[PDB]
């Protein structure tokens, strides 16, 4: 039987979360700084709380979908003394350190923070294939897990609130870097009469073969094997210089390929030319 809950934060993720909760039949109380972002949900049956404090008071479960944890202090700070007995499921990105700071704040005001990292876009909220990392007090998470199953599948990573944020950041460094490479490929294509649609099949093939290299290098990096049997860093330095010069010749911004070339040059200056590019995970483990 769908338990009622409050949702604060109605950007792309929160609007989708509200629609999924209203589809399962959860009594929903919503609040958003931009009051107009709640209009469609309230027309579908969501209750518009007149203020943030009334949203927190409406239910024990308060789900937050905000840009970061500073936004949580900005919205919940005025009525922080009424956070007693409340379970705050923060589905906002932040560092493990700031996520732990938010958990301390909520606890010092009588509440319980469960940290969440949703690994799906808005279109994936409510879909069975979607998942979210969850960390923080086990008992409070277990009590509200069934409601959270409406949004995504739940993946508990442990009692430390910082864990859900670490696992989110581990995936997002891969996602953002891959997507910035796509934006760079689309720009190179544009300068050469090619649209994103023209490069889509090749771009999709490039990313669809990446799991092979993830396993290939995982086994080796863990065993400390950085041999140049499949690849040598010097060949990669040339490849990335070719990218930089190809983009500059085509009039495309070079700031991001210049940083890549700088990284490969630091690997050669460390004596890794005949080793795999994987050898540079050692430069990364260094502050």
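Numbering follows the first chain given and starts at 1.
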Taking the recorded C-alpha temperature factors, which stretch has the higher mean, 177-185 or 203-211?
203-211
Of 39-47 and 241-249, the stretch whose C-alpha atoms average the higher B-factor in the entry:
39-47
Out of 63, 28, 66, 256, which shows the largest CA B-factor listed in the entry?
28
By the record's CA B-factor, is residue 269 among the lowest, middle or highest third of residues in the chain?
highest
Residue 140: CA temperature factor from the record, placed by chain third, in the lowest
Splitting the chain's C-alpha B-factors into thirds, which one does residue 124 fall into?
lowest
By its CA B factor, does residue 161 count among the lowest, middle or highest third of the modelled residues in the chain?
lowest
Where does the C-alpha B-factor of residue 79 rank in its chain, lowest, middle or highest third?
highest
